[PDB]
Amino acid sequence: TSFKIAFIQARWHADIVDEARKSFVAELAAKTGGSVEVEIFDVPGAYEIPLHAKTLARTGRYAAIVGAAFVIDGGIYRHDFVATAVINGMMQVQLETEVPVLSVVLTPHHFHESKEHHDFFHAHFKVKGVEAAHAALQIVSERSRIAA
Amino acid sequence: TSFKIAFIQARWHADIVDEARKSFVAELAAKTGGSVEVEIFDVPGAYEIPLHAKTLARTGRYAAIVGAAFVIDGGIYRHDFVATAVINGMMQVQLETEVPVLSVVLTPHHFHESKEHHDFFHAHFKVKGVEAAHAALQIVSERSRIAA
Amino acid sequence: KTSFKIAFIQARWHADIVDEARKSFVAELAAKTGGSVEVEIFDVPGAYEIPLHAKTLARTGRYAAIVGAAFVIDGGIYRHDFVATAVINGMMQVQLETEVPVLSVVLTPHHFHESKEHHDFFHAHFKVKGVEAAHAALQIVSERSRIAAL
Amino acid sequence: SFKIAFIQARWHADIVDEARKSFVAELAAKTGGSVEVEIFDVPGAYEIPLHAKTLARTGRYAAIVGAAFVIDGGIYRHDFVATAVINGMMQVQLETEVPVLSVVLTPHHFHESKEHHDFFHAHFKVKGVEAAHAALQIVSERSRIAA
Amino acid sequence: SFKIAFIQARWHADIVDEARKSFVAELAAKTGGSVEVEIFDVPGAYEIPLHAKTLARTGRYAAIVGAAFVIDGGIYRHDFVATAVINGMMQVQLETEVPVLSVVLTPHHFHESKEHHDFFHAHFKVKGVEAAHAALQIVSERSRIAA
Amino acid sequence: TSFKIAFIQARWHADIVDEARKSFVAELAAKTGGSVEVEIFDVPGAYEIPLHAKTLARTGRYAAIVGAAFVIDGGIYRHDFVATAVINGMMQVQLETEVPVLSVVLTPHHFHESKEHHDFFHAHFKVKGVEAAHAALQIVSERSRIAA
Amino acid sequence: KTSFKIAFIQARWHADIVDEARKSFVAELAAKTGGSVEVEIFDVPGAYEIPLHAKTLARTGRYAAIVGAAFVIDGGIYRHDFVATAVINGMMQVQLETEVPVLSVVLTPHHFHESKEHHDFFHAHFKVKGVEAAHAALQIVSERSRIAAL
Amino acid sequence: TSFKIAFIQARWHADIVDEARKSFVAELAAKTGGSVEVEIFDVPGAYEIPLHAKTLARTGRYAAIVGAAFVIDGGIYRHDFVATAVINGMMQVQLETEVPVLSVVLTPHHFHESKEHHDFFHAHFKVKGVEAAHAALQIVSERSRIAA
Amino acid sequence: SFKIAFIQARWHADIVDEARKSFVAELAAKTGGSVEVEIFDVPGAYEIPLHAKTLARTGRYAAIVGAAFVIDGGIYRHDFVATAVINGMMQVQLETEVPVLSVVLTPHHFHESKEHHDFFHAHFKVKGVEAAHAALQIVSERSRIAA
Amino acid sequence: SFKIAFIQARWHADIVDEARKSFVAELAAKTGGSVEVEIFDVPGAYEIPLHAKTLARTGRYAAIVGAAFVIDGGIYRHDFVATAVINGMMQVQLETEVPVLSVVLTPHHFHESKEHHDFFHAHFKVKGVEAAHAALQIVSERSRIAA
Ligand SMILES: O=c1[nH]c(NC[C@H](O)[C@H](O)[C@H](O)CO)c([N+](=O)[O-])c(=O)[nH]1
Ligand SMILES: O=c1[nH]c(NC[C@H](O)[C@H](O)[C@H](O)CO)c([N+](=O)[O-])c(=O)[nH]1
Ligand SMILES: O=c1[nH]c(NC[C@H](O)[C@H](O)[C@H](O)CO)c([N+](=O)[O-])c(=O)[nH]1
Ligand SMILES: O=c1[nH]c(NC[C@H](O)[C@H](O)[C@H](O)CO)c([N+](=O)[O-])c(=O)[nH]1
Ligand SMILES: O=c1[nH]c(NC[C@H](O)[C@H](O)[C@H](O)CO)c([N+](=O)[O-])c(=O)[nH]1
Ligand SMILES: O=c1[nH]c(NC[C@H](O)[C@H](O)[C@H](O)CO)c([N+](=O)[O-])c(=O)[nH]1
Ligand SMILES: O=c1[nH]c(NC[C@H](O)[C@H](O)[C@H](O)CO)c([N+](=O)[O-])c(=O)[nH]1
Ligand SMILES: O=c1[nH]c(NC[C@H](O)[C@H](O)[C@H](O)CO)c([N+](=O)[O-])c(=O)[nH]1
Ligand SMILES: O=c1[nH]c(NC[C@H](O)[C@H](O)[C@H](O)CO)c([N+](=O)[O-])c(=O)[nH]1
Ligand SMILES: O=c1[nH]c(NC[C@H](O)[C@H](O)[C@H](O)CO)c([N+](=O)[O-])c(=O)[nH]1
């Protein structure tokens with residue numbers, strides 16, 4: 001259980017996204033005792049994740065890649081076109097690069113830049129991060145077992 | 001007609017998903033006296049099914065692959081994105097690998113984590129499993145036919 | 001040339017309604033081509049199983065066109081659009097990569113609650129779509145044969 | 001002086017034609033016949049992508065135009081095809097690298113009523129002219145860029 | 001120092017423009033002219049993908065930016081195109097592995113009114129800044145994870 | 001059980017609406033040997049039914065009133081508003097007048113003025129008419145019962 | 001007082017499913033009130049015919065509460081919400097003007113395509129709603145009897 | 001066929017609304033030769049129509065009242081709350097005042113302040129006006145026949 | 001120093017209670033016990049309007065508060081009742097002319113999950129305080145106006 | 001000369017305010033103070049209807065105006081209230097036959113952002129003007145059709 005993971009994090013809503021990252025890193029720390037290295041990569045926004053993952057993926061250096069971003073409807077434009085582009089983008093890359101790309105590119109039904117909202121997700125992303133943590137291990141692990 | 005099917009089950013809502021698997025397997029068993037071997041492959045969540053299926057498909061070890069997951073709207077984030085990515089994912093994969101990927105990656109209009117909803121799908125997935133069984137059989141059968 | 005083959009891939013969900021499109025489709029060609037055009041029928045579990053089948057059949061080079069027939073309806077339990085999309089996109093993709101025409105008769109109603117009226121309505125309508133399909137098939141296979149490939 | 005393949009779906013031809021006629025008219029006007037437009041009949045919008053690809057691959061055309069009226073007729077969902085097509089053309093031009101212009105419009109509402117049929121029979125003439133320019137423009141640009 | 005191809009749709013040009021002007025401005029106030037931005041005009045958002053692919057292929061650009069205003073004019077559905085363009089770009093940058101930043105905006109509403117116009121006319125300035133930073137940040141990041 | 005019913009039919013889509021009337025009347029005729037007299041009242045459109053029903057109801061001349069209309073979305077303006085106003089209207093009216101107002105004021109999810117749609121509803125309204133007939137009978141019957 | 005009457009007005013559309021709510025409703029009261037509470041049943045064509053009936057019955061003063069039971073479902077042909085609304089509003093209005101409680105068991109599913117699962121599901125569920133109704137009826141009739149009317 | 005009609009017209013989108021008025025007046029002119037007087041009343045917006053109709057109605061001076069307004073979604077706020085309030089408002093008034101109130105308070109699915117749009121409705125309202133014209137007569141007439 | 005009738009639906013009591021407790025707490029705090037709040041249990045939100053009317057008509061209360069959590073449970077449509085209630089209360093206060101405050105909230109989403117139950121158990125405390133103020137305020141205003 | 005009761009909800013007060021200030025301003029610049037506007041504060045939009053009924057009853061007002069900003073905060077559904085308030089007002093002015101102008105706005109979107117806030121903060125000024133004119137026009141019209 002010793003391999004590298006490239007955590008790609010969009011910078012939109014950094015405080016929320018960061019919570020997922022921190023939580024991801026911490027959980028793995030607690031499960032693998034650092035035997036799993038998590039390299040963090042910043043990226044402008046979600047849209048920038050697919051390509052970045054593609055690149056970081058083909059380097060062969062990572063057992064899995066994580067895409068973390070908060071794509072929300074800010075009330076002026078439509079966030080879904082990107083969300084789709086990105087959730088699909090990652091799926092495409094991993095299908096190509098055959099390197100697992102876990103998604104922590106969440107899009108909430110509602111997020112109006114309010115305390116309640118902002119606090120809810122600031123907190124939830126932690127949960128999500130832990131989920132991503134386990135998923136990452138589980139997948140990498142099973143692929144290994146699968147591998148011939 | 002003695003072959004192997006890869007049953008890739010996501011682990012979210014496992015209790016529900018398992019019902020589709022158990023059913024799927026039991027049907028094939030009954031309908032094929034055991035001729036069909038169904039190898040189970042766990043996976044974090046639906047988003048992990050495509051690649052897994054590609055990886056598993058390309059081994060050529062299986063006559064057909066089944067993607068099983070319950071992708072639901074949990075009232076917090078949007079689920080349709082991943083749902084799409086996966087349903088498309090499996091389609092893409094099977095088109096590349098030329099290996100039948102059956103979809104038991106279901107998305108209900110409503111699943112609110114209540115006795116009713118859970119009881120409903122825990123029960124329904126059994127039906128879907130049986131459906132996937134007959135589908136797998138039928139498709140694997142038809143392909144080999146048009147092959148000759 | 002007027003003589004060629006068409007692989008008619010039909011999903012078996014709502015087989016009753018899908019069948020009508022087939023029966024109709026075949027009848028139209030027979031009535032137009034006069035048997036000149038052969039329509040081979042392939043059964044498939046559900047619409048999702050159409051893309052790959054169409055691809056495999058397309059690659060055989062035995063057909064001037066493939067036809068995907070299916071009724072992808074919302075059953076009030078799961079969302080049907082996800083598959084419908086994959087299928088409508090799948091056929092589009094298969095035909096795009098295999099350069100073999102794939103006509104869609106994979107219909108998705110706004111409403112279909114399996115009630116006498118609904119069943120009856122579409123059972124009848126699919127006949128119409130089938131005819132349209134036949135004409136489209138002839139039209140497209142033809143138009144392509146007259147293309148200045150330069 | 002170049003060739004343009006204009007693929008026109010036949011569903012709602014009365015309306016599709018309208019966009020194609022204005023296209024031909026405009027190019028004829030703006031390029032005085034210099035730019036040739038080859039019209040290609042096609043059953044429905046779904047048949048456009050592949051046709052587009054095939055023609056683009058002949059290398060004969062500077063650009064291709066997909067013209068279709070994909071509307072919601074009240075019985076089935078049109079969006080699935082519309083998507084497969086708007087995406088299909090987009091996919092073909094990205095593949096063949098032959099600009100594919102879209103005149104595959106999908107109205108919010110079109111109920112086969114006089115008001116509607118009349119509105120779009122009219123509006124497609126406008127769209128067709130827009131296609132014309134967009135065509136000329138893009139083709140032009142690709143050269144300015146190729147040099 | 002590097003170059004950025006800025007492909008801009010011409011629909012709602014005056015609004016799209018603000019995005020560009022701002023982008024070019026911000027970069028100057030950040031690269032002091034180091035980063036050169038070349039503007040390319042294209043008919044509509046649908047015309048961006050292929051252009052960005054073409055320009056990407058050249059290798060002359062560290063990143064490509066697509067700017068367009070794809071709104072619901074109230075007659076046809078714009079989401080089909082919006083989707084195609086957004087995917088298109090993402091697809092192109094994935095093939096060419098050349099960053100393609102999106103400034104292909106689609107507002108929930110835009111009814112050609114003083115209020116609406118004046119709002120995005122100004123907001124595209126903001127977005128253009130964001131597009132500037134993103135480009136710098138992404139182009140920077142890529143080269144880094146490369147060395 | 002020999003009484004009068006006021007059948008208020010809007011004239012939009014008359015060809016469709018008439019089918020409900022003709023059917024309504026024929027059913028009562030058959031089921032009541034003519035005992036039930038159904039007086040027909042034309043009206044511009046659905047929006048005109050409520051008042052008309054009030055006016056007609058208050059005469060006390062009728063045991064029950066029927067509002068018949070096809071209120072559809074013609075793709076230009078919104079129909080739901082009037083649809084609502086009328087369906088509520090009839091309800092309001094009957095609650096005031098204490099006179100049963102049956103609703104055959106139908107609104108289809110889709111009616112695009114095509115052979116199919118028209119043929120469909122021209123035929124269906126006949127069924128609805130029959131339904132309204134049995135409803136009228138039943139309701140008038142039940143009321144008089146609880147009256148005794 | 002524990003002894004009083006309830007007029008249970010039930011629409012006859014989907015009578016099979018509506019009936020379950022009634023059977024259940026009555027059984028619950030009998031199991032709680034022990035016959036102390038009488039439930040008179042009145043049949044009505046459809047939900048739309050509930051408001052006025054409830055009003056007429058309310059005005060009789062014979063009931064401590066009225067209960068409207070109906071399944072107002074989207075049948076994939078016409079919009080059901082218009083009526084559903086009129087009915088849910090109607091009962092609310094009747095009870096408001098007649099000062100007589102009117103409990104709603106006029107349920108409208110997100111989805112009901114008259115398929116085995118759907119029918120079965122609601123056929124069973126209405127039993128639950130019926131129980132809830134009985135409890136609500138008792139609860140409300142009671143709470144009102146303990147109100148300081150000053 | 002000699003009576004008075006109070007045409008109440010909101011002033012939002014006056015040019016479009018006006019088309020309905022002009023057309024209304026003209027049609028009646030052509031059918032009743034002025035034997036039907038149409039009194040025009042201006043009103044700020046649609047919301048102001050109900051009360052105005054109520055007042056003008058109770059004066060007993062009019063056989064019918066027409067509400068004309070164009071309530072549209074201007075893209076910033078929601079027009080429906082008003083639309084509903086108004087379409088219901090008129091229905092309520094006429095049910096009260098028992099004076100027919102015809103509705104020419106149209107709400108289009110789309111109207112983005114564009115030439116195509118603006119021209120379409122500038123033209124359609126004429127049609128609608130003619131419809132209102134006939135409806136008005138028909139209703140007033142039938143109510144008369146109905147009257148005892 | 002006046003009386004307030006607080007009608008609380010019992011569906012999702014755990015959450016409804018939360019809004020009622022904070023209401024009582026606030027008034028007790030702000031009015032030091034001066035303002036009395038009488039709690040009235042009610043089966044569901046639908047039972048509130050009538051109760052509201054009845055109580056308002058006793059003339060005993062300065063204001064009435066309807067508290068309920070009307071949510072979409074995934075099986076039936078909640079909006080019909082929600083409407084009948086938000087309108088019903090509004091109708092009653094317009095009738096009885098006794099201000100009726102609404103704490104009959106309808107969440108966009110509430111799936112009986114921990115995250116949700118926890119969020120609203122929390123948020124209802126906030127709403128309850130808002131009710132408290134709104135109550136005090138409106139009652140106060142009506143007097144300032146009655147004089 | 002006459003008086004206009006201006007009931008204003010306090011939610012999003014700063015925005016609602018602009019509406020009022022503008023209204024009062026416009027009237028001054030049109031009645032030179034002839035028309036006196038009395039402001040009444042109320043907790044939320046739901047609290048307007050009854051107040052407008054009460055104030056209407058007084059007879060002291062030629063017209064009543066309800067101003068509120070009822071937006072979708074992203075947690076609960078606001079349309080229930082919006083509807084109740086809008087209907088409420090319309091209902092009240094119908095009973096009391098006292099004009100009740102609505103400045104109870106509900107934006108498609110408003111996510112508590114600089115852009116959103118600043119936009120309605122300014123637009124409510126515009127709306128307030130409209131509300132001014134409408135009041136003058138309606139109060140004028142009524143008295144006319146009365147004489
Ligand atoms: O990560 C996000 N990026 C966003 N930007 C989109 C994209 O990721 C890039 O930043 C930029 O579009 C140019 O590529 C978002 N919105 O625009 O709303 C958002 O919500 N979340
Ligand atoms: O299998 C599922 N996975 C889900 N998670 C998405 C994905 O499968 C992975 O767990 C994770 O996103 C990292 O890839 C789901 N939802 O989020 O709702 C769901 O319903 N079902
Ligand atoms: O052909 C259809 N298949 C359906 N099943 C999906 C798919 O075609 C396969 O049967 C199965 O999913 C395994 O791939 C449908 N629905 O689920 O609703 C439908 O309407 N039509
Ligand atoms: O060009 C169109 N083709 C349509 N037909 C679909 C498709 O183009 C093909 O004719 C056929 O589906 C299979 O090839 C349409 N509808 O069905 O509604 C439409 O609106 N427009
Ligand atoms: O850039 C845009 N192009 C648009 N045209 C689509 C496309 O970009 C091309 O101009 C043309 O379709 C031919 O390809 C738009 N709409 O149609 O609404 C729009 O809003 N924005
Ligand atoms: O009876 C109808 N009347 C309609 N007109 C509305 C109303 O009935 C009157 O004709 C007119 O509005 C003046 O009151 C309709 N639409 O507008 O769509 C409809 O579908 N059905
Ligand atoms: O009780 C019901 N009545 C229905 N009919 C409406 C009404 O109740 C009367 O039967 C009839 O309309 C005459 O008033 C329904 N639908 O139409 O769907 C329904 O689901 N449930
Ligand atoms: O007649 C209209 N009035 C409108 N104003 C509403 C109302 O009629 C009054 O003018 C004002 O609200 C105060 O009463 C509209 N919009 O706001 O969008 C509209 O589209 N049409
Ligand atoms: O207070 C509530 N009551 C509910 N019950 C409805 C109503 O309040 C009565 O209990 C019953 O309908 C008849 O009196 C609810 N749902 O059904 O979902 C809900 O969310 N909230
Ligand atoms: O004026 C408003 N009041 C609101 N509160 C509703 C109501 O006005 C009262 O304040 C309270 O409900 C007690 O009656 C709002 N929301 O809840 O969203 C809003 O947006 N605007």
# chains A, B, ... in the order shown; residues from 1 in each chain; ligands from 1

call {"tool": "interface_residues", "arguments": {"of": "chain D", "to": "chain C", "cutoff": "8 Å", "atoms": "only C-alpha atoms", "output": "ChimeraX atom specification"}}
result
/D:40-44,46-47,49-51,53-55,58-60,74-77,80-81,84,88

call {"tool": "residues_near_ligand", "arguments": {"ligand": "ligand 5", "cutoff": "9 Å", "atoms": "only C-alpha atoms and all ligand atoms", "output": "PyMOL selection string"}}
result
(chain D and resi 65-66+90+99-105+127+130-132+134-135) or (chain E and resi 8-13+16+42-48+67-79+81-82+85+104+106)

call {"tool": "select_by_dssp", "arguments": {"residues": "segment 16-96 of chain F", "states": "strand (DSSP E or B)", "output": "PyMOL selection string"}}
result
chain F and resi 37-43+64-70+77

call {"tool": "atom_distance", "arguments": {"atom1": "atom 10 (O, counted along the ligand's line) of ligand 2", "atom2": "atom CA of residue 42 of chain B"}}
result
11.8 Å

call {"tool": "calpha_fit_and_write", "arguments": {"fixed": "chain E", "moving": "chain D", "output": "compact mmCIF listing (two decimals) with C-alpha atoms, in the first residue's frame"}}
result
# COMPACT_ATOMS: atom_id res chain seq x y z
CA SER D 1 7.06 35.07 -21.87
CA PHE D 2 4.61 33.09 -24.05
CA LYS D 3 1.80 33.36 -26.64
CA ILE D 4 -1.93 33.11 -25.94
CA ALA D 5 -4.55 32.68 -28.65
CA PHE D 6 -7.73 34.47 -27.65
CA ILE D 7 -10.64 33.27 -29.75
CA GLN D 8 -13.59 35.64 -29.52
CA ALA D 9 -17.02 34.88 -30.92
CA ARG D 10 -18.72 37.81 -32.57
CA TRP D 11 -22.26 37.25 -31.34
CA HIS D 12 -22.73 39.92 -28.69
CA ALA D 13 -19.28 41.25 -29.55
CA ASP D 14 -19.99 44.40 -27.53
CA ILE D 15 -20.00 42.06 -24.54
CA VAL D 16 -17.49 39.48 -25.68
CA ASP D 17 -15.01 42.25 -26.53
CA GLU D 18 -15.35 43.42 -22.96
CA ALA D 19 -13.98 40.16 -21.62
CA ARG D 20 -11.20 40.17 -24.20
CA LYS D 21 -10.16 43.73 -23.53
CA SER D 22 -9.85 43.12 -19.79
CA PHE D 23 -7.89 39.94 -20.52
CA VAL D 24 -5.41 41.76 -22.74
CA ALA D 25 -5.29 44.61 -20.24
CA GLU D 26 -4.56 42.30 -17.29
CA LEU D 27 -1.90 40.23 -18.99
CA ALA D 28 -0.30 43.42 -20.28
CA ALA D 29 -0.43 44.65 -16.70
CA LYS D 30 0.69 41.49 -14.94
CA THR D 31 3.23 40.41 -17.54
CA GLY D 32 4.20 43.89 -18.66
CA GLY D 33 3.82 42.81 -22.28
CA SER D 34 5.84 39.64 -21.71
CA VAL D 35 2.85 37.44 -22.53
CA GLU D 36 1.45 38.09 -25.98
CA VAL D 37 -2.22 37.63 -26.70
CA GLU D 38 -3.33 37.05 -30.28
CA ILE D 39 -6.97 37.86 -30.89
CA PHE D 40 -8.97 35.65 -33.23
CA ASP D 41 -12.35 36.67 -34.53
CA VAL D 42 -14.90 33.93 -35.03
CA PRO D 43 -18.57 34.04 -36.14
CA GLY D 44 -20.07 32.19 -33.21
CA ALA D 45 -19.28 30.06 -30.16
CA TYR D 46 -19.72 26.98 -32.33
CA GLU D 47 -16.72 28.06 -34.40
CA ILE D 48 -14.44 28.16 -31.36
CA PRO D 49 -13.62 24.48 -30.74
CA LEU D 50 -12.19 23.81 -34.20
CA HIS D 51 -10.37 27.15 -34.23
CA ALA D 52 -9.02 26.30 -30.79
CA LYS D 53 -7.73 22.96 -32.06
CA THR D 54 -6.19 24.40 -35.23
CA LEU D 55 -4.36 27.11 -33.32
CA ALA D 56 -3.31 24.83 -30.49
CA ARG D 57 -1.84 22.51 -33.10
CA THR D 58 0.33 25.29 -34.48
CA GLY D 59 2.25 24.84 -31.24
CA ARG D 60 2.50 28.64 -31.16
CA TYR D 61 0.43 29.04 -28.01
CA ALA D 62 0.89 28.21 -24.35
CA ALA D 63 -2.85 28.41 -23.81
CA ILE D 64 -6.01 29.25 -25.70
CA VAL D 65 -9.08 31.17 -24.57
CA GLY D 66 -12.55 30.68 -25.99
CA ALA D 67 -14.72 33.74 -25.43
CA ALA D 68 -18.40 33.85 -26.31
CA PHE D 69 -21.75 34.90 -24.95
CA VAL D 70 -24.09 32.02 -25.66
CA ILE D 71 -27.48 33.15 -24.45
CA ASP D 72 -31.08 32.00 -24.72
CA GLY D 73 -32.67 34.49 -27.09
CA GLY D 74 -36.25 33.34 -26.61
CA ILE D 75 -36.57 31.75 -30.03
CA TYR D 76 -34.22 28.75 -30.22
CA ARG D 77 -32.55 26.62 -27.56
CA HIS D 78 -28.99 27.82 -26.90
CA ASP D 79 -27.93 25.00 -24.60
CA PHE D 80 -27.27 22.56 -27.45
CA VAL D 81 -24.55 24.74 -28.91
CA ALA D 82 -23.28 25.88 -25.49
CA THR D 83 -22.76 22.23 -24.66
CA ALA D 84 -21.15 21.36 -28.00
CA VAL D 85 -18.76 24.24 -27.29
CA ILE D 86 -17.93 23.86 -23.62
CA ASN D 87 -17.40 20.19 -24.45
CA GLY D 88 -15.65 20.93 -27.72
CA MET D 89 -13.03 23.14 -26.11
CA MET D 90 -12.61 20.67 -23.29
CA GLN D 91 -12.21 17.97 -25.96
CA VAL D 92 -9.64 19.96 -27.88
CA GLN D 93 -7.45 20.73 -24.90
CA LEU D 94 -7.56 17.07 -23.95
CA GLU D 95 -6.57 16.22 -27.52
CA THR D 96 -3.96 18.86 -28.31
CA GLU D 97 -2.96 19.01 -24.66
CA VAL D 98 -2.88 22.81 -24.91
CA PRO D 99 -4.84 24.32 -22.02
CA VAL D 100 -8.04 25.93 -23.28
CA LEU D 101 -9.61 28.44 -20.93
CA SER D 102 -13.32 29.12 -21.18
CA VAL D 103 -14.90 32.54 -21.26
CA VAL D 104 -17.87 31.06 -23.08
CA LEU D 105 -20.49 32.16 -20.59
CA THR D 106 -24.19 31.33 -20.69
CA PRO D 107 -26.38 33.58 -18.57
CA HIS D 108 -29.46 32.25 -16.82
CA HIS D 109 -31.21 35.23 -18.42
CA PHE D 110 -30.22 37.84 -20.98
CA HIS D 111 -33.11 39.60 -22.72
CA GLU D 112 -31.37 42.22 -24.81
CA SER D 113 -32.58 44.92 -22.39
CA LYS D 114 -30.47 47.80 -21.07
CA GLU D 115 -30.23 46.34 -17.57
CA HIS D 116 -28.90 43.09 -18.96
CA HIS D 117 -26.64 44.39 -21.69
CA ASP D 118 -25.21 46.76 -19.13
CA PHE D 119 -24.78 44.09 -16.47
CA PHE D 120 -22.86 41.74 -18.69
CA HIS D 121 -20.91 44.41 -20.52
CA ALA D 122 -19.69 45.06 -17.02
CA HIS D 123 -19.36 41.51 -15.77
CA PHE D 124 -17.39 40.33 -18.79
CA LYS D 125 -14.60 42.72 -17.80
CA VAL D 126 -14.45 40.79 -14.52
CA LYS D 127 -14.53 37.41 -16.25
CA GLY D 128 -11.76 38.54 -18.59
CA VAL D 129 -9.48 39.28 -15.66
CA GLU D 130 -10.28 35.88 -14.20
CA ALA D 131 -9.33 34.38 -17.55
CA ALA D 132 -6.08 36.29 -17.50
CA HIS D 133 -5.07 34.87 -14.12
CA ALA D 134 -6.35 31.37 -14.86
CA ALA D 135 -4.34 31.55 -18.07
CA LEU D 136 -1.10 32.65 -16.39
CA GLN D 137 -1.67 30.20 -13.57
CA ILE D 138 -2.37 27.12 -15.64
CA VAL D 139 0.48 27.80 -18.06
CA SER D 140 2.75 28.37 -15.09
CA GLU D 141 1.58 25.17 -13.40
CA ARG D 142 2.13 23.05 -16.51
CA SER D 143 5.78 24.10 -16.42
CA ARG D 144 6.28 23.60 -12.69
CA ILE D 145 4.89 20.14 -13.49
CA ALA D 146 6.91 19.64 -16.68
CA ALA D 147 10.04 20.11 -14.54

call {"tool": "decode", "arguments": {"residues": "segment 58-83 of chain D", "atoms": "C-alpha atoms", "output": "mmCIF file, in the first residue's frame"}}
result
data_model
loop_
_atom_site.group_PDB
_atom_site.id
_atom_site.type_symbol
_atom_site.label_atom_id
_atom_site.label_comp_id
_atom_site.auth_asym_id
_atom_site.auth_seq_id
_atom_site.Cartn_x
_atom_site.Cartn_y
_atom_site.Cartn_z
ATOM 1 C CA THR D 58 -13.888 14.238 -49.841
ATOM 2 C CA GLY D 59 -11.751 17.325 -49.313
ATOM 3 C CA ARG D 60 -14.019 19.016 -51.855
ATOM 4 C CA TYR D 61 -15.436 21.538 -49.402
ATOM 5 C CA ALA D 62 -14.088 24.534 -47.531
ATOM 6 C CA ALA D 63 -16.950 24.310 -45.064
ATOM 7 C CA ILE D 64 -20.105 22.318 -44.463
ATOM 8 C CA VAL D 65 -23.511 23.471 -43.247
ATOM 9 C CA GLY D 66 -25.973 21.285 -41.389
ATOM 10 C CA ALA D 67 -29.512 22.585 -41.724
ATOM 11 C CA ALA D 68 -32.454 21.079 -39.877
ATOM 12 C CA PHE D 69 -35.470 22.021 -37.833
ATOM 13 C CA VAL D 70 -35.444 19.702 -34.842
ATOM 14 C CA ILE D 71 -38.569 20.530 -32.895
ATOM 15 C CA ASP D 72 -40.549 19.061 -30.021
ATOM 16 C CA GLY D 73 -43.661 17.656 -31.670
ATOM 17 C CA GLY D 74 -45.528 16.856 -28.472
ATOM 18 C CA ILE D 75 -45.163 13.097 -28.785
ATOM 19 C CA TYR D 76 -41.482 12.180 -28.435
ATOM 20 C CA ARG D 77 -38.511 14.011 -26.939
ATOM 21 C CA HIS D 78 -36.538 15.834 -29.647
ATOM 22 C CA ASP D 79 -33.620 16.933 -27.490
ATOM 23 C CA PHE D 80 -31.898 13.531 -27.624
ATOM 24 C CA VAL D 81 -31.465 13.715 -31.375
ATOM 25 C CA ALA D 82 -30.822 17.483 -31.371
ATOM 26 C CA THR D 83 -27.952 16.814 -29.004
#
